[PDB]
């Protein structure tokens, strides 16, 4: 084609600096402006190429503030390559100049009014690509006529239909529902599947506000779909992609049908059912190719059919079949398929006909999460577990969430900790389970634990004698990992101040060992945390008189009594003073077991 164009492009590439690039572009702009302005007329070859060079520069980022007039001339050329380029320019560089617009509309009019489908298509595309009101106003009335005329070529019908659709979306008021409706519907019977594909996109948009007017499309849409999904190898060769027949038209026909309720004609509803079952069956057949393109094309159709089934929410056998197929995707190479399967299953969980089916796949979801690498898939796995959780499920789901938590990334912890607390609250069977869960939650992921939540667990433990000794041992054995969470030291220190006595008799969890364990955390803690441990330590002087001397030792120390903080300095003094100046009977009065909380 255009030698001057290739040269400019390769000159641009050889530039060694943005500075040089901008020099070569300004040079071209001067050249183009001269020639456009100059005395000598240009041959079309030149108009064509220079317009096309200006477009290149526009696409590189630079401003183009002339040229539009020259590209408008190209529209009236009888040479395709010249019109193409003219039409491309005005489609990518739209100006608001109302002389040009009027001029561009004439050019359109001639091309539409020629009978040349190549020229018709260029103009139709221009309209669809720009979509301006002035164009809608000039042509919106004409486009349906082109679309339903018995003589217009298929490609022109395809392009007319999508043009009409663009115009309907930008300028609805110019697209009334005239007499062309039934014949647009009739296009769903065209032999040319490209035409059928195009018409379907249009009717789907039109059916959104005009359902009654395109109600006839259902029956046609259903019989087309069923001929497509059962047709042989040697049928629809043009529209067969990696052994999957018309995947995109299939998808589109399934999508049109989501604008309507289940087919009112019992015959039609029946055909549609055979149809959907055929699709479900094919999912269970093995690949005809090991190329990922085949399974994706096949599964696009499968997923769109699953939406239809969900939207109709009216055939329980198909919904169950749907769950089970999605359940089989949950073990799959394709992260894509895992992703979509979980997403789609989340939907099915909230339907009555389908909730229980979904619960069936709990183990598979849990195994998938357990091994899953992609974060967005993990997230959707946890969302699913949440969605299906109930009285039966809850202990298993919670066990498994907690287990996963023990080795989980940081990416995902926060949301799981949150879900564990909430589910624990909704579904706790016995106060001991709740307690065993939260303390563990706190042990593993205490950094994300609401303060309120460790409050709760500390009150329950007070109000129930039966779990106190369990809570004490759990905390103690937890506290004795070399690394642990601060809220564990808050929860742990409080429980032990209050109930350390129930394990103090074990010689491996003695009063001394308890204390020194806490104290190996103390100076790595926040101030309110130490504030609590100063209270814990004073309960210990009382409960375990044997270790009063080491504790008084830490209270008299500089880091406590000359502490920069008010609470710490106030507690360490108050407490030393208590242990020193208080009668034993007094000390016991002050640090009795705290009374049970009120339940309200």
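Positions refer to the first chain, counted from 1.
Chemist: Can you let me know which of the two, 523 to 531 or 82 to 90, has the higher average C-alpha B-factor in the entry?
Modeler: So the stretch with the higher mean C-alpha B-factor is 523 to 531.
Chemist: On average, which has the higher Cα B-factor in the deposited entry, 163 to 171 or 428 to 436?
Modeler: Taking the mean C-alpha B-factor of 163 to 171 and of 428 to 436, the larger value falls to 428 to 436.
Chemist: Could you tell me which one of 482, 245, 327, 121 shows the highest CA temperature factor in the PDB record?
Modeler: The record points to 482.
Chemist: At the C-alpha atoms, which of 157, 508, 378, 125 reaches the highest B-factor in this entry?
Modeler: Across 157, 508, 378, 125, the entry lists the biggest C-alpha B-factor for 508.
Chemist: Quick one: classify residue 581 as lowest, middle or highest third of the chain based on its Cα B-factor.
Modeler: Tercile = highest for this residue's CA B-factor.
Chemist: Compared with the other modelled residues in the chain, in which third is the CA B-factor of residue 261?
Modeler: As the PDB entry reports it, the C-alpha B-factor of residue 261 lands in the middle third of its chain.
Chemist: For residue 463, does the deposited CA B-factor place it in the lowest, middle or highest third of the chain?
Modeler: It falls in the top third of the chain.
Chemist: How does residue 50 rank on Cα B-factor within its chain, lowest, middle or highest third?
Modeler: Lowest third.
Chemist: Could you place residue 353 in the lowest, middle or highest third of its chain by Cα temperature factor, using the values in the record?
Modeler: Ranked within chain, residue 353 CA B lands in the highest tercile.
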